[PDB]
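**Q** Below: one structure in structure tokens.
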Amino acid sequence: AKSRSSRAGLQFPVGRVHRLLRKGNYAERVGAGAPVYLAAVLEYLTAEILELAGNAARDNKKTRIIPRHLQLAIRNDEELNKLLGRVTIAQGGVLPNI
Amino acid sequence: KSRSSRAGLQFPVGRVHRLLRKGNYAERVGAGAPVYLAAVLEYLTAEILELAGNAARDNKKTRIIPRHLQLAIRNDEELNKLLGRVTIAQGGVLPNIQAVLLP
Amino acid sequence: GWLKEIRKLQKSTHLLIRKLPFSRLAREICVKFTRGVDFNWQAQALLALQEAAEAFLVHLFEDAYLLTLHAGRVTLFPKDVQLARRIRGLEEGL
Amino acid sequence: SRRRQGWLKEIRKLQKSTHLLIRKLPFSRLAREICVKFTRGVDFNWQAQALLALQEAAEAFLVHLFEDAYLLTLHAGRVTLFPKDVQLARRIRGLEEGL
Amino acid sequence: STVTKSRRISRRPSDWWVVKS
Amino acid sequence: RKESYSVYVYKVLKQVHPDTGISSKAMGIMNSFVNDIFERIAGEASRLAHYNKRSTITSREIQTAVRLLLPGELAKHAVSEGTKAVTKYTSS
Amino acid sequence: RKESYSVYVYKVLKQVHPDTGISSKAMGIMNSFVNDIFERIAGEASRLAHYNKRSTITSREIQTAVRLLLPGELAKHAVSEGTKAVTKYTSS
Amino acid sequence: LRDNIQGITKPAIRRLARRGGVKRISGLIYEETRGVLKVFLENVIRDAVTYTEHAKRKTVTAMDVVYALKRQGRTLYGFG
Amino acid sequence: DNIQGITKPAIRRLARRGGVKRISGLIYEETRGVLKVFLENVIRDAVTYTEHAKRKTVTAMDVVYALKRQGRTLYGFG
DNA sequence: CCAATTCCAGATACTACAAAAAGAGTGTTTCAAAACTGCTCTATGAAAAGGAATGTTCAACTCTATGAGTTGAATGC
DNA sequence: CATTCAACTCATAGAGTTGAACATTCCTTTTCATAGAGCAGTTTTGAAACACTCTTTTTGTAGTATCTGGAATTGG
């Protein structure tokens, strides 16, 4: 009668993350606040990437995001480039470097 | 009547079985998986110990020290590729000097 | 001439190697490993393999040209690629 | 003639031993200073084995980095090491192995 | 360059960064 | 029947950009990113719980794993977001 | 009250070299090596079992993980030893 | 040409080098590039075929390639 | 000035064990900075591991785990 | 080179629906707080010797401009 | 695939820079005792937190019908 993701004031699903934690054989028990914490972190990272992707798309007179915009947004950020250091984006290209 | 003796091994089978059961790997464990794992572990240990003993004997010694383990590991391409990101304490380096520097 | 070519290629995002030669080479290498049996291939698998290979090659060329500029030249040599593979350390350069 | 090549015998002797090269007290002082700079105001204790392991790891890292930097130096056509060699070695090793 | 108890040839890591024909 | 994170990504996109769309390959890339980060954090929390002889995974393990895995400012803001979310969820 | 592999390593050493001893640091290094290899193989077998939607770890998963992890000749000889031990164990 | 390794032509290698930022290339680069690509493909294809024949299938799937690349330390996001 | 405790002869010994023949004067400060960055990263990870548990003493296993989490394995202190 | 027109592939919008997750209750288990014991980290003292620090010097190292020999990017078919 | 010539690489020598080698000294690290006590390790237990089960609703998840951003071509 009331979603847990709305209880936490989020958009990502909480019950799905809880089930995926329970069925991933990570430990024999799972707490109650761990899925909320994980969903909040995931939503924050998603929004952080999507904002820069939308900015990169707007700076090219486009109204739809393509993998090139995601590549630009990820490689033009310091901490995001540090986090995704061993990841390859398909159809993303490279950054213009002389 | 031991399982290790039944499989003709020196490494323990019950201990590996218990470690697999209490390691958070899967809900069920078979019967030949611990035997297979113990056999592989014993084979690797025997290879390393033989190479280290040969190194110590050629070095005119009687006891194996970490230096001999380093010399044995770094002189075998497959063992070197397996332990590529491992550091051995008090092991030192191999005596490698560039030929351009030496006259 | 070369400058416009580099500036245009660094802006596009399409694959640079043809599909049929890559498919033939991958199929022969795959049949070399098995016991003579012929395996089927999906199109997405070959596409992913080509994407990964091309990304790897472009990054290796970037590193090799860094080494070339350090050596005091402007032309790329095979020893630059070899030294880049050696410095990458047995897991990334191979 | 004072000494033709003492560096040769020095390297040959150093590549055969397996003992630590940095003193223990300055290393401990530096490690404690960094650790107290990380924590807010608390002063943490340190086991001896922890400091020994840290020193071993640091010295191994430095020796390997020096090997790679001298490879780059020899590629550049020189016999003297420069800081640019260390910088380029870190850059080519990447974000993790190059810090 | 060395044959252990089992007949596995233990070779020295000569070279791996050069392309061989 | 398959499962993905498309609806939630579209929701947060409409939240951050009201007049911008997205392709299908970009959505697949976002799904892969979410799955990768999930796996990383969950594995780190599991091994953390194993090190200290515990049989439960709590928000403390998640916070420690986030502090260990993300760089500085990202980790600070993610810790703040998670703490705020848990505090809002508890008072209900 | 601690566990190690000292007695088994000593038995293997006596089988290989009957007139050779070993220090304590080398024994600690050997214990570390055994634990590392165990962890690697078990994790790879778990991942393999999860990919194909199975809830059991059998000798086939161990064999495939050994083939995936070790280089060529080491993998061949390890598979030989493993199947030999299995067929000797099931015939009793 | 007739050999399958010769199907990777000089224009394609030149385009890859130009995308990488290279300005001037030598003649001996193409064979080295072919050899490096061959080693890369051999490793990835061996791992993928192992993953494929672990299951009782005869068709190579994109997920096998993704798993091989991931276990070798190279994550791919597009074909997940 | 604890960073100055790492003297010039010690850096010389490290470079000689690494195989270096000649060293320039500007290298000691660079080496000090690199060592400082390495120590900062490892000590941050180890202190996080230590304070996750309710302890106030850094142990060897904390350092081992901190090194392992960065792609470096140590065998002697297991 | 940029601007305008038109076309169509590829988006968005729109519904049935079935299965997954809250609601509620019941049984299990586990981890923090308290008391006790021990243990090794730290701060101190007395010698001492050898290794770091200063200073000087000179043969060894690098930088740079230049001529001789090689080649690969552009072009047409 | 055939030419080519302007754009490269390579070897050499002179001007300037500098790091290894060495005498001396004294200061700083190392070694042999020495507790004090702050902090870590061991044992109980119980109240709160987590797992297990049946029901019903609601939400993602495919299928179906419309709408439009983006690519191409031609002309100025």
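Within each chain, counting starts at residue 1; across the structure tokens, chains are named A, B, ... in the order shown, with ligands numbered 1 upward in that order.
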Give the residues of chain D that lie within 7 Å of chain I; count only C-alpha atoms, and format the answer as a ChimeraX atom specification.

**A** /D:7,11,14-15,21-22,26,29-30,34-35,38,44-47,49-50,53-54,63-64,66-67,70,79-83

**Q** Identify, on the basis of only C-alpha atoms (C1' of nucleotides), every residue whose closest approach to residue 14 of chain A does not exceed 8 Å; exclude the query and any residue fewer than 6 positions from it along the same chain; express the result as a list in words.

**A**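 So the residues in contact are residues 4, 5, 35, 36 and 39 of chain A.
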
**Q** Chain K residues within 12 Å of chain I, counting only C-alpha atoms (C1' of nucleotides): which ones, as a VMD selection string?

**A** chain K and resid 17 to 20 28 to 29 38 to 40

**Q** Distance table requested - chain A against chain C, cut-off 9 Å, only C-alpha atoms: one row per qualifying residue with the closest atom pair and its distance in Å to one decimal, ordered by chain and rising residue number, as JSON lines.

**A**
```
{"residue": "A:68", "atom": "CA", "partner": "C:13", "partner_atom": "CA", "distance": 7.7}
{"residue": "A:88", "atom": "CA", "partner": "C:55", "partner_atom": "CA", "distance": 7.6}
{"residue": "A:90", "atom": "CA", "partner": "C:51", "partner_atom": "CA", "distance": 6.7}
{"residue": "A:91", "atom": "CA", "partner": "C:13", "partner_atom": "CA", "distance": 5.4}
{"residue": "A:92", "atom": "CA", "partner": "C:13", "partner_atom": "CA", "distance": 6.0}
{"residue": "A:93", "atom": "CA", "partner": "C:13", "partner_atom": "CA", "distance": 4.8}
{"residue": "A:94", "atom": "CA", "partner": "C:10", "partner_atom": "CA", "distance": 6.4}
{"residue": "A:95", "atom": "CA", "partner": "C:10", "partner_atom": "CA", "distance": 7.1}
{"residue": "A:96", "atom": "CA", "partner": "C:10", "partner_atom": "CA", "distance": 5.9}
{"residue": "A:97", "atom": "CA", "partner": "C:10", "partner_atom": "CA", "distance": 8.3}
{"residue": "A:98", "atom": "CA", "partner": "C:7", "partner_atom": "CA", "distance": 8.3}
```

**Q** Near residue 11 of chain E, counting only C-alpha atoms (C1' of nucleotides), which residues have an atom at most 8 Å away, once you skip same-chain residues fewer than 5 positions from it, shown as a PyMOL selection string?

**A** (chain B and resi 75-77) or (chain E and resi 1-2)

**Q** Please build the interface table for chain G against chain B with a cut-off of 7 Å, listing for each qualifying residue the nearest atom pair and the distance in Å to one decimal; count only C-alpha atoms, order rows by chain and increasing number, and write it as a Markdown table.

**A**
```
| residue | atom | partner | partner_atom | distance |
| --- | --- | --- | --- | --- |
| G:8 | CA | B:11 | CA | 5.8 |
| G:12 | CA | B:46 | CA | 6.2 |
| G:13 | CA | B:49 | CA | 6.3 |
| G:16 | CA | B:50 | CA | 6.2 |
| G:17 | CA | B:53 | CA | 6.9 |
| G:20 | CA | B:62 | CA | 5.5 |
| G:21 | CA | B:63 | CA | 4.6 |
| G:22 | CA | B:64 | CA | 4.7 |
| G:23 | CA | B:65 | CA | 6.0 |
| G:25 | CA | B:66 | CA | 6.9 |
| G:26 | CA | B:66 | CA | 5.2 |
| G:34 | CA | B:41 | CA | 7.0 |
| G:43 | CA | B:25 | CA | 6.9 |
| G:46 | CA | B:25 | CA | 5.2 |
| G:55 | CA | B:27 | CA | 5.7 |
| G:56 | CA | B:28 | CA | 4.7 |
| G:57 | CA | B:29 | CA | 5.0 |
| G:58 | CA | B:30 | CA | 4.8 |
| G:59 | CA | B:33 | CA | 4.3 |
| G:62 | CA | B:33 | CA | 6.4 |
| G:70 | CA | B:82 | CA | 6.9 |
| G:71 | CA | B:78 | CA | 6.3 |
| G:78 | CA | B:40 | CA | 5.4 |
| G:81 | CA | B:39 | CA | 6.3 |
| G:82 | CA | B:36 | CA | 4.6 |
| G:85 | CA | B:7 | CA | 5.5 |
| G:86 | CA | B:32 | CA | 6.4 |
| G:88 | CA | B:7 | CA | 5.7 |
| G:89 | CA | B:7 | CA | 4.5 |
```

**Q** Take the residues that were just selected and, keeping C-alpha atoms, output them as a JSON list (two decimals), in the first residue's frame.

**A**
```json
[["chain", "number", "residue", "atom", "x", "y", "z"],
["G", 8, "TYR", "CA", 51.24, -31.01, 4.70],
["G", 12, "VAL", "CA", 55.43, -32.77, 0.49],
["G", 13, "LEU", "CA", 58.94, -31.41, 1.07],
["G", 16, "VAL", "CA", 60.51, -34.22, -2.80],
["G", 17, "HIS", "CA", 63.72, -33.52, -0.85],
["G", 20, "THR", "CA", 66.22, -30.36, 3.28],
["G", 21, "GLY", "CA", 64.65, -28.13, 5.91],
["G", 22, "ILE", "CA", 62.70, -24.88, 5.79],
["G", 23, "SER", "CA", 62.46, -21.69, 7.83],
["G", 25, "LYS", "CA", 59.08, -17.17, 7.02],
["G", 26, "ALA", "CA", 59.14, -19.50, 4.02],
["G", 34, "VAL", "CA", 47.96, -21.80, -0.80],
["G", 43, "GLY", "CA", 35.67, -17.53, -6.68],
["G", 46, "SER", "CA", 31.27, -19.69, -8.00],
["G", 55, "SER", "CA", 23.23, -24.01, -7.51],
["G", 56, "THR", "CA", 25.93, -26.71, -7.27],
["G", 57, "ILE", "CA", 29.72, -26.67, -7.54],
["G", 58, "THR", "CA", 30.97, -29.95, -9.02],
["G", 59, "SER", "CA", 34.34, -31.18, -10.26],
["G", 62, "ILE", "CA", 36.60, -26.80, -10.76],
["G", 70, "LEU", "CA", 46.32, -21.48, -15.09],
["G", 71, "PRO", "CA", 48.56, -21.23, -18.16],
["G", 78, "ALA", "CA", 46.73, -30.05, -13.01],
["G", 81, "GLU", "CA", 46.30, -34.93, -11.55],
["G", 82, "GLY", "CA", 42.73, -33.94, -10.69],
["G", 85, "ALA", "CA", 42.70, -38.40, -8.05],
["G", 86, "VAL", "CA", 38.96, -38.45, -8.78],
["G", 88, "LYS", "CA", 41.17, -43.27, -7.79],
["G", 89, "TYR", "CA", 38.79, -41.94, -5.12]]
```

**Q** Find the residues near residue 75 of chain A: any atom within 12 Å, counting only C-alpha atoms (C1' of nucleotides), skip ones fewer than 3 places away on the same chain, and give them as a list in words.

**A**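 Counting only the stated atoms, we get residues 49, 52, 53, 56, 68, 69, 70, 71, 72, 78, 79, 80, 81, 82, 83, 84, 85, 87, 88, 89, 92, 93, 94, 95 and 96 of chain A.
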
**Q** Export, as a short mmCIF file (atom, residue, chain, number, x, y, z; two decimals), in the first residue's frame, the selected residues with N, CA, C and O atoms.

**A**
```
data_model
loop_
_atom_site.label_atom_id
_atom_site.label_comp_id
_atom_site.auth_asym_id
_atom_site.auth_seq_id
_atom_site.Cartn_x
_atom_site.Cartn_y
_atom_site.Cartn_z
N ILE A 49 25.86 11.50 -13.62
CA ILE A 49 26.30 11.24 -14.99
C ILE A 49 25.33 11.86 -15.99
O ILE A 49 25.74 12.46 -16.99
N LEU A 52 25.63 15.80 -16.68
CA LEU A 52 26.73 16.16 -17.56
C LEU A 52 26.49 15.66 -18.98
O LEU A 52 26.88 16.34 -19.94
N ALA A 53 25.87 14.50 -19.14
CA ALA A 53 25.53 14.02 -20.48
C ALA A 53 24.56 14.96 -21.17
O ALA A 53 24.73 15.28 -22.36
N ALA A 56 26.43 18.10 -22.24
CA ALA A 56 27.24 17.86 -23.43
C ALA A 56 26.37 17.74 -24.67
O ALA A 56 26.77 18.16 -25.76
N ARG A 68 28.20 8.96 -27.54
CA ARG A 68 29.27 9.95 -27.62
C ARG A 68 29.18 10.97 -26.49
O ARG A 68 30.19 11.36 -25.90
N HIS A 69 27.96 11.39 -26.15
CA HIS A 69 27.78 12.35 -25.07
C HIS A 69 28.15 11.74 -23.73
O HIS A 69 28.75 12.42 -22.88
N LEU A 70 27.81 10.47 -23.51
CA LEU A 70 28.21 9.80 -22.27
C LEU A 70 29.73 9.70 -22.17
O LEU A 70 30.30 9.94 -21.11
N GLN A 71 30.39 9.35 -23.28
CA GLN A 71 31.84 9.28 -23.28
C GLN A 71 32.46 10.64 -22.95
O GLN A 71 33.40 10.73 -22.15
N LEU A 72 31.95 11.70 -23.57
CA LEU A 72 32.47 13.04 -23.30
C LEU A 72 32.27 13.42 -21.84
O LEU A 72 33.20 13.91 -21.18
N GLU A 78 37.07 14.47 -13.54
CA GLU A 78 38.24 13.87 -12.90
C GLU A 78 37.87 12.60 -12.14
O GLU A 78 38.40 11.52 -12.41
N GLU A 79 36.94 12.72 -11.18
CA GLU A 79 36.60 11.58 -10.35
C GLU A 79 35.82 10.52 -11.12
O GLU A 79 35.97 9.32 -10.84
N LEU A 80 35.00 10.93 -12.09
CA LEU A 80 34.30 9.95 -12.91
C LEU A 80 35.27 9.17 -13.78
O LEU A 80 35.14 7.95 -13.94
N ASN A 81 36.26 9.85 -14.36
CA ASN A 81 37.29 9.16 -15.13
C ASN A 81 38.13 8.25 -14.24
O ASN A 81 38.58 7.19 -14.69
N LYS A 82 38.34 8.64 -12.98
CA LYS A 82 39.07 7.78 -12.06
C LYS A 82 38.27 6.53 -11.71
O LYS A 82 38.84 5.44 -11.60
N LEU A 83 36.96 6.67 -11.54
CA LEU A 83 36.13 5.53 -11.17
C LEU A 83 36.04 4.52 -12.30
O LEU A 83 36.19 3.31 -12.09
N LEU A 84 35.77 4.99 -13.52
CA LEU A 84 35.65 4.12 -14.69
C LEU A 84 36.95 4.11 -15.49
O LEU A 84 37.01 4.56 -16.64
N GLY A 85 38.00 3.59 -14.86
CA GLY A 85 39.31 3.60 -15.48
C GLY A 85 39.59 2.44 -16.42
O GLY A 85 40.44 2.57 -17.30
N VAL A 87 37.08 0.73 -18.30
CA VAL A 87 35.81 0.52 -18.97
C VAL A 87 35.90 1.07 -20.38
O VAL A 87 36.50 2.13 -20.61
N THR A 88 35.32 0.35 -21.33
CA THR A 88 35.28 0.75 -22.73
C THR A 88 33.83 1.01 -23.13
O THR A 88 32.97 0.15 -22.93
N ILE A 89 33.57 2.19 -23.68
CA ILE A 89 32.24 2.56 -24.16
C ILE A 89 32.15 2.22 -25.64
O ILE A 89 33.03 2.59 -26.43
N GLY A 92 31.74 5.13 -28.70
CA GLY A 92 31.94 6.35 -27.94
C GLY A 92 33.03 7.24 -28.51
O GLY A 92 32.99 8.46 -28.34
N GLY A 93 34.01 6.64 -29.17
CA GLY A 93 35.10 7.41 -29.74
C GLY A 93 36.13 7.81 -28.70
O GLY A 93 36.20 7.26 -27.60
N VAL A 94 36.94 8.80 -29.08
CA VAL A 94 37.99 9.32 -28.22
C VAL A 94 37.79 10.82 -28.04
O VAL A 94 36.92 11.44 -28.67
N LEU A 95 38.60 11.40 -27.17
CA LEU A 95 38.59 12.85 -26.94
C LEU A 95 39.59 13.52 -27.87
O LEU A 95 40.69 12.99 -28.07
N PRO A 96 39.26 14.67 -28.45
CA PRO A 96 40.22 15.36 -29.32
C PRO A 96 41.46 15.82 -28.57
O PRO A 96 41.39 16.70 -27.71
#
```
